[PDB]
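Colleague: What follows is a structure written as structure tokens; I'll ask about it next.
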Amino acid sequence: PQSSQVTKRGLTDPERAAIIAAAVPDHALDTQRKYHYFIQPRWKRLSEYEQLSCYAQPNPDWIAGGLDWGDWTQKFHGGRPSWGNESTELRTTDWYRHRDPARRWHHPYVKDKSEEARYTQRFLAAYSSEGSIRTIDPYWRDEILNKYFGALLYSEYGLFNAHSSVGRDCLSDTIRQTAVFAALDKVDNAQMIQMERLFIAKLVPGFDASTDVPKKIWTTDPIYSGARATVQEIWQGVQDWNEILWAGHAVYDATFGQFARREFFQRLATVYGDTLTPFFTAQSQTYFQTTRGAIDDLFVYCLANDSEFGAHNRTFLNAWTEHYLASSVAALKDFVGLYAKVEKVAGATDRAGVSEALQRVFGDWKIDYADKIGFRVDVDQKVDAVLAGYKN
Amino acid sequence: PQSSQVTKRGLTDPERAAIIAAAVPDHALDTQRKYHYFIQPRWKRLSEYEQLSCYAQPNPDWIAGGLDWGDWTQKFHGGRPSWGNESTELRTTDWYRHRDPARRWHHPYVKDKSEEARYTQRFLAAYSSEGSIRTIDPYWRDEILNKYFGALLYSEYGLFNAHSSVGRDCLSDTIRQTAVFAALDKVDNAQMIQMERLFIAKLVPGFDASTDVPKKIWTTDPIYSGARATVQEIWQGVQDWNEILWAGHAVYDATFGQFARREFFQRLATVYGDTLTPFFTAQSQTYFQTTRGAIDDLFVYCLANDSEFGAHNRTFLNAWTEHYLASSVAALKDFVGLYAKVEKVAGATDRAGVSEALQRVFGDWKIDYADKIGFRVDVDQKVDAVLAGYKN
Amino acid sequence: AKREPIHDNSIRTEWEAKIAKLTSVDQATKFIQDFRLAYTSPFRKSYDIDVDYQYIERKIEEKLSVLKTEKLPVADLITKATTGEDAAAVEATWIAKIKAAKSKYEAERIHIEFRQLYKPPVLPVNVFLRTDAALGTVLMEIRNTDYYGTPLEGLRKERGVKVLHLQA
Amino acid sequence: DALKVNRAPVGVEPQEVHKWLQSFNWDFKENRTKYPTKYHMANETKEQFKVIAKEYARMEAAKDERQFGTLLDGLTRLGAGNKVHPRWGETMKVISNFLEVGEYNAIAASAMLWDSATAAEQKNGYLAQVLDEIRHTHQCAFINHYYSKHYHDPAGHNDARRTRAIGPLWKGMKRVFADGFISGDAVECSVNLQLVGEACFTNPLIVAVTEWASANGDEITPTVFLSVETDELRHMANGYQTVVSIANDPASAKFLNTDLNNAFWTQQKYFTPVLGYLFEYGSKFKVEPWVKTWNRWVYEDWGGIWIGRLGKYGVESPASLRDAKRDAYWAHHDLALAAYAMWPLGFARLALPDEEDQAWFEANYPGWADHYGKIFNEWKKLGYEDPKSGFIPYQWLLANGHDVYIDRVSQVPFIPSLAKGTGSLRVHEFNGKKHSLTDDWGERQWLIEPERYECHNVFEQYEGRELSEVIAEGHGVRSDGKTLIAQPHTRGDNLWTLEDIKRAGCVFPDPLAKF
Amino acid sequence: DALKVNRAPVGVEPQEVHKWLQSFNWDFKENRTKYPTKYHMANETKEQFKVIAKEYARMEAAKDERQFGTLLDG
Amino acid sequence: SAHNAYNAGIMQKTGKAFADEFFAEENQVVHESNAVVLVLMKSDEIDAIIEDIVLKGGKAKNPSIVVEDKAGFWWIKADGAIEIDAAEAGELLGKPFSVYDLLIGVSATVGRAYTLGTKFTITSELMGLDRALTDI
Amino acid sequence: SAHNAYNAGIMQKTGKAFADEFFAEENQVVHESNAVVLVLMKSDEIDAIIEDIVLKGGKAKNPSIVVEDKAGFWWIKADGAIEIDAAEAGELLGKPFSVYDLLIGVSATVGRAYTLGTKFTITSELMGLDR
Ligand SMILES: [Fe+3]
Ligand SMILES: [Fe+3]
């Protein structure tokens, strides 16, 4: 017999359920059963995603979109508000307008990544039992993949940490969700690169999955010099949370990151007989496209076309793009020196091949981001600036 | 007011809950709460897989291992029993002994496949958004992948339908689960091949995802003549349900199937710049290794080493292997004619490269299956028989 | 009478000792064919081991089957009955038999006797199963022709039962 | 080219793949079914519900997650597994384990339909069905697994796959939804498993029962069974396609009415008394009279929406229907006499009808009180419930000339001197063996097909042996090795042991020895 | 080589990746917090529960599935 | 509508009155019925579909529909046909809801079931036997 | 054991007796405790672990353990430390059960929590400060 009462449940205990039934009215006291029915729906019907996310952030009317009133109850020493307009240069009539087109609240997001988590481990168990690593090119495996794909994990890790102040500073709930999920996918990319290296180490005697050599390459090899400078600036040089998100995902990761992940490591895997690396880059590229859907909605649909501040916001976005595209072009110009270390494959690692890869990256970027904010870009000029770093 | 009584729930209705509480004894009437506690556990403790699966089949004592007694209640016209020993040449002291090492009952099986189902569609939406099809070799895409990978789906489809008589005739629950799950994985493989082709049709104008050319190739091209002959025999030529499972998975699919899926289409995808196919073969090869673990337990642990009939069963398994290995060697000899149509890549599609691929396949097969039943096999002799079909 | 326990009794033990003395494929084949004619199907000669004959049959089958793999060349396991006959010839002979049967009563006895004589291990499993299916098709078709046509009283006569009781 | 491509996000939906499935088959001489069948008509039909393997898994996994959430989290936290009236918790020992064997045999029957299908779309559909019946087998097991962990009497929930072999009701279960499906014409399964089994009997058996479980405090069974039957939609759809093909060819249509009638009778012969007995006697709170449930689902809705509608195309109302309706009204009360009388051979604890039950039985089946009620009350006065009484009713039946026979075809027990349902004893000797048949439909089956029907019965196996020895040998005991699983009351005191059974001196006879 | 390899089934467990996380950081002058604080002490510590992104999601999704089953079904 | 009640007709009678009709000579053969039956297991999504689709627009289109509460499930009977548009349900639920998702809760049917687009239908028609009434 | 009861000590008193001790001068500062508290939400897996692990082997090894029924959760309090081995739980449940899987039902802690191998422990020890 325990010291405390064994509480009777009102759902099942006869005496308490009878008391409850006598208390419960015999009719509903209102007919509006839609949770937060007053949200303005983005789509033809209010979504559960919106109902659970929108106006969770308790902004007052002096932050655009807020429904509350009055000052915060406690501010920073000196007076910095809990959240405030000073956090970013961009302006809008309603910070709540943003919608992730994938409609991710927490549950669908961890549900999908759980699928990938478990399937990845079944895939590895079977890939090791298959022996398929036997046909990978050993120089690619040991000298290019291990070392420079490994070093790329530090770019992903830095973009992850650039989100820390965004998670604190940004001004609405759907934005904060978009940013935090983007950060987890970036640190996931870094962890999956290391997971692949650790996995190859179990199959290839003498293959070293220590990060010592990748990290030396990230921190001191000229090939990653421009890239590391840009990441360091996006992560720790600025605090405007819109600038971090734009520079990080819409400029740097969409040009340098897409080139490194998709045009170098993923594409060249399927020229050097690497049946393992495409399984891993499939995940980072899926994540990139999901993140882009949300980044695009925040900056194109909402901020670049806001009825009162669209042109104002394009002034800042165009200035950020000019600076960070220069940084990213310099990163790519450094990075294409890596082609001097790979076995020549016509149409892939020769000058024409690299030129067409750069034409894809800069051309896709012009369509996906630059045209949508009014940023003029000469693609051939950017391709030629990077090719100045290519050793013929 | 509906015509029929609104039934009161005994869990929540105060009067019915009180009557039930008066009727329920104040103490348990036994302490053995392990469902089917008497099953002999294969592992340290009884697994839920075993509890839910084992002895569901109601066999009498005259089918080895059965716990029931007497004849069936209704037999076929003529007297064929509902289940019986005439279904197979193999013999055992206990048909219930088999255990899938993945411990799949229905729930974990569909959970895992559901993960793959949903992730596959996310991957495809991102891959089309990525534009990554742009760097595939067009000749590989149109003249080898579309046509001959398409044609491979008929091999998977035929192996799928070989299981229909197995699902009816086999003599225990855990074997029936193994067989049916293996069947679905085979028809999944065929559907996934078609799904890849239909996906490419949406990205490449003029690419024809109709099965017309693949079906003509499977039914009339000499490259698939030996393979189709073997599948037809294993599916419709025999009814011994152990012979179907052994010939299907342990001989034909483990030699021809593995060469075609893994050494040809998967491996060569990663020399011709194909970033799409590895995602699909990743699934068929995971399925192969999961099925192999179950097939291995049935034929090696249970049947080839059954305390009373092990040598008896190896007599039959050896004769089947002799016959179906000759069929599969002929299938492979036809199939390597396909190398005459692909672009030469040193170490992959030349004679030395094809020879090393056959050495992996026959060498792996000798370790995984032949050595375990006492089947003598000269690996170099089998590689040379197949290489006679390779056009220099 | 008083039955012994279900799964362990003197009848099964005594038959296992007989079975243990079988030493050749010819001896075991004759033994199992005589057993199945004596003790299986509705036309058996004897019900004296009714609750044990199915277990005993399995033990005879296991003995015969092991003798086959020990003694016979591999090709005989695939293509011959253990009577010495060609398996494909046995199949063709019994399908022709039942297709020539003039009534469902003739057809039933041919099918039943084919199983008593050729059930594996006597005939190879693959040949047996497809022959058994072809016979069963014919037998089903002839019995399901005017299934309700004969009154019960007529069926009792045609089957040949001794009617012991009919409740009013 | 290498620069230009449509980058709109696209995937491939299941119906886009499904379009191509019919083309996956190819022509060769040996491409035909392995199983004997009377039906040889064209059957190149389309699948209505367009499922592929990946979508199959997604649908079923989504069902499973909600079900196991409810069971393992919510209902366990409520303690719901021990909130069940004892009669109904005992009832579920047999409903769930007996249905489990039906599901298990449906796997094999569906594999025969898969084998005898000639269109790739129907092979695809029958594999999905094959998989569903594995699912259902595991779901039925999970109910007894859950009860074993959470209900006050795990015995019998925890070992029915061996303890069911002791008793006579299990024998007829191996025919109803089991041998009757898998031991026969492979295309005909579309008639007996699907047109009859799935379209007629699974609704009362699996759906209607959930309201009775709810009435008696059981929310575990509705959680699982209502998910089980969501799969049945695709199964009926599979079979309907073949029934249409049968109806369209005059050569195969000429077999359909006989197959339908034999299927209907085979299934109802056991289903009608056994489920009626389990619903009405295995419950405290009754939802409605069993004969009303049967009228709603079997006679009016299946009979009218399936069979009556098909009457426009030559399908005839089953000739055995009138005999069946008589069973719907009385046969489950007949069975209750046998089941109460032979209680030591089961694996469940029984409850004689109480005063409230008796008034309900008499109001809804006038004549019940004077026939069955008086017997149950005499058995109670004789010490039915009391382990020191030395009284077991089967012996009393024999002393009063109320012999129990086992139908050689259906295995259903028959007590001609007390039965009000359909039946009359026919005893034949054939080739030195005596056989008891109990109705016109089964007697015809046995006369035409004696080698299909050689099932040993409990009296032939147990002849001359004492009851407690049979029970002990079949493991019919709790973990102490002496208290019986089965009991003649549902209370926690005065449980019967093997020695209490032995005290009654009940020895199995040969019921046909007198003939 | 092209023929010989260990074909034992292996994957990579979360704690095997977690062991390398501490090395993911790198030194540069600006690598410090952006927020005001009075606390400037050494704080190079180890995480007790070794989770990575994939394992985080697996755990939380397994909690969610039971929760929403209970709510939306039972 | 009344004739589609679960307790319609003979089901209203008890005792001897029920037996007399149950055993009436004319009730020893099946009778053709133009009805369909559809069972949905109770759940968050299904209970919303019953209240706002089936009992509103559904009954407006087909006034013969009867919906009965059977504790763990809804029992629905109607003349001719019952249809549910999965797209209408997803609009009501605010979350993805295909026809595949509606079937997760279709627990029993009596009738011919088919799908045309996003609509699930059960119908009295014998598809493949009944002949089309229009060439359109 | 009794001092680890949910209603130990002052929690036995009601009315004025409770108020007099609650406001006693010596009770206006916290008092160091060597206990730990562990809360597990009721579920199929957790209830088996409670009955067959915590209340047998756990309580034999730590006799100060008290387990109380709090409707939706189990409330556990013990001197020093509480430990649960996930491998033992997996053997009991018949299904895979990693240390990660054990956390899904660990709803609350008062104490320092860590994992070593397949064991989960909550301890009074102040790791990194204590020796
Ligand atoms: Fe089923
Ligand atoms: Fe079914």
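Each chain of the structure tokens is named A, B, ... in the order shown, its residues numbered from 1; ligands are numbered from 1 in display order.
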Neighbours of ligand 1 at 9 Å or closer, counting only C-alpha atoms and all ligand atoms: which residues, as a ChimeraX atom specification?

Modeller: /D:99-100,102-104,106-107,129-130,132-137,198,202,228-229,231-232,235

Colleague: Got a sec to pull out which chain B residues are within 7 Å of chain C, counting only C-alpha atoms, and send them as a PyMOL selection string?

Modeller: chain B and resi 61-62+70+77-79+86-89+238-240+312+315+319

Colleague: Tell me the residues of chain G close to chain D, meaning within 7 Å using only C-alpha atoms, as a PyMOL selection string.

Modeller: chain G and resi 42-44+72

Colleague: Go ahead and save the picked residues with N, CA, C and O atoms, as an mmCIF file, in the first residue's frame.

Modeller:
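That gives us result_8.cif:
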```cif
data_model
loop_
_atom_site.group_PDB
_atom_site.id
_atom_site.type_symbol
_atom_site.label_atom_id
_atom_site.label_comp_id
_atom_site.auth_asym_id
_atom_site.auth_seq_id
_atom_site.Cartn_x
_atom_site.Cartn_y
_atom_site.Cartn_z
ATOM 1 N N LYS G 42 3.351 5.530 -17.971
ATOM 2 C CA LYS G 42 2.809 4.193 -18.088
ATOM 3 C C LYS G 42 2.695 3.811 -19.557
ATOM 4 O O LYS G 42 2.314 4.622 -20.400
ATOM 5 N N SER G 43 3.068 2.575 -19.858
ATOM 6 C CA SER G 43 3.004 2.024 -21.206
ATOM 7 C C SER G 43 3.251 0.520 -21.077
ATOM 8 O O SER G 43 3.605 0.026 -20.005
ATOM 9 N N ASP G 44 3.027 -0.199 -22.177
ATOM 10 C CA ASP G 44 3.209 -1.648 -22.156
ATOM 11 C C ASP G 44 4.633 -2.006 -21.757
ATOM 12 O O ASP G 44 4.859 -2.847 -20.877
ATOM 13 N N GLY G 72 -1.140 8.367 -14.507
ATOM 14 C CA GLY G 72 -0.515 8.269 -15.813
ATOM 15 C C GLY G 72 0.967 7.955 -15.813
ATOM 16 O O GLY G 72 1.542 7.735 -16.890
#
```

Colleague: Measure the distance from CA of residue 5 (chain C) to CA of residue 347 (chain D) in Å and round it to one decimal.

Modeller: 20.1 Å

Colleague: Given a cut-off of 6 Å, which residues of chain C touch chain D, counting only C-alpha atoms, written out as a list in words?

Modeller: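 Every residue of chain C that passes the 6 Å test is in residues 1, 2, 3, 42, 133, 136, 137, 141, 161, 162, 163, 164, 165, 166 and 167 of chain C.
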
Colleague: Using only C-alpha atoms, find the one residue out of D:477, D:419, D:336, D:195 that sits nearest to chain B.

Modeller: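 Using only C-alpha atoms, chain B sits closest to D:477.
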
Colleague: Near residue 128 (chain F), counting only C-alpha atoms, which residues have an atom at most 9 Å away, once you skip same-chain residues fewer than 3 positions from it, shown as a ChimeraX atom specification?

Modeller: /D:241,244-245 /F:131

Colleague: Can you list, as a list in words, every protein, DNA or RNA residue that comes within 8 Å of residue 219 (chain D) when you count only C-alpha atoms, leaving out same-chain residues fewer than 4 positions away?

Modeller: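 Once the nearby chain positions are removed, what remains is residues 11 of chain B; 75, 80, 213, 214 and 223 of chain D.
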
Colleague: A:204, A:175, A:345, A:217: which is nearest chain B, counting only C-alpha atoms?

Modeller: A:345

Colleague: I'd like the neighbourhood of residue 227 (chain B) as a list in words, where a residue qualifies if any of its atoms comes within 10 Å (using only C-alpha atoms), though same-chain residues fewer than 5 positions away should be ignored.

Modeller: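 Residues meeting the cut-off are residues 152, 154, 155, 218, 222, 232, 252, 253, 256, 257, 327, 328, 329, 330, 331, 332, 333, 334 and 335 of chain B.
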
Colleague: Neighbouring residues of residue 52 (chain E) were defined as those with any atom within 8 Å, considering only C-alpha atoms; residues of the same chain fewer than 3 positions away were excluded. Please report them as a PDB file with N, CA, C and O atoms, in the first residue's frame.

Modeller:
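Full text of around_34.pdb as output:
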```pdb
ATOM      1  N   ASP A 188      23.280  17.692 -40.144  1.00  0.00           N
ATOM      2  CA  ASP A 188      23.094  16.318 -40.615  1.00  0.00           C
ATOM      3  C   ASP A 188      24.025  15.999 -41.786  1.00  0.00           C
ATOM      4  O   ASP A 188      24.638  14.919 -41.828  1.00  0.00           O
ATOM      5  N   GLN A 191      27.407  15.348 -40.432  1.00  0.00           N
ATOM      6  CA  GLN A 191      27.453  14.054 -39.763  1.00  0.00           C
ATOM      7  C   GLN A 191      27.416  12.895 -40.756  1.00  0.00           C
ATOM      8  O   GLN A 191      28.062  11.859 -40.527  1.00  0.00           O
TER       9      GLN A 191
ATOM     10  N   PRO E  14      25.157   5.746 -33.865  1.00  0.00           N
ATOM     11  CA  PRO E  14      25.211   7.185 -33.571  1.00  0.00           C
ATOM     12  C   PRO E  14      26.428   7.579 -32.757  1.00  0.00           C
ATOM     13  O   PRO E  14      27.026   8.631 -33.002  1.00  0.00           O
ATOM     14  N   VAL E  17      29.672   8.199 -34.812  1.00  0.00           N
ATOM     15  CA  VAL E  17      29.787   9.535 -35.394  1.00  0.00           C
ATOM     16  C   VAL E  17      30.002  10.571 -34.301  1.00  0.00           C
ATOM     17  O   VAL E  17      30.804  11.502 -34.459  1.00  0.00           O
ATOM     18  N   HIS E  18      29.255  10.449 -33.185  1.00  0.00           N
ATOM     19  CA  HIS E  18      29.301  11.469 -32.129  1.00  0.00           C
ATOM     20  C   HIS E  18      30.715  11.682 -31.613  1.00  0.00           C
ATOM     21  O   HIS E  18      31.058  12.789 -31.203  1.00  0.00           O
ATOM     22  N   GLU E  55      19.506  10.128 -35.453  1.00  0.00           N
ATOM     23  CA  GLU E  55      18.998   9.468 -34.258  1.00  0.00           C
ATOM     24  C   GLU E  55      18.021  10.359 -33.491  1.00  0.00           C
ATOM     25  O   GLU E  55      17.007   9.866 -32.966  1.00  0.00           O
ATOM     26  N   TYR E  56      18.296  11.675 -33.409  1.00  0.00           N
ATOM     27  CA  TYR E  56      17.314  12.584 -32.805  1.00  0.00           C
ATOM     28  C   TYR E  56      15.934  12.388 -33.431  1.00  0.00           C
ATOM     29  O   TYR E  56      14.921  12.245 -32.732  1.00  0.00           O
TER      30      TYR E  56
END
```

Colleague: Using only C-alpha atoms, which protein or nucleic acid residues come within 7 Å of region 360-365 of chain A? Drop anything in the same chain fewer than 6 positions from it, and give the result as a list in words.

Modeller: residues 254, 255, 259 and 379 of chain A; 3 of chain D

Colleague: If we count only C-alpha atoms, which residues of chain F reach to within 7 Å of chain B? Please list them as a PyMOL selection string.

Modeller: chain F and resi 5-7+68-71
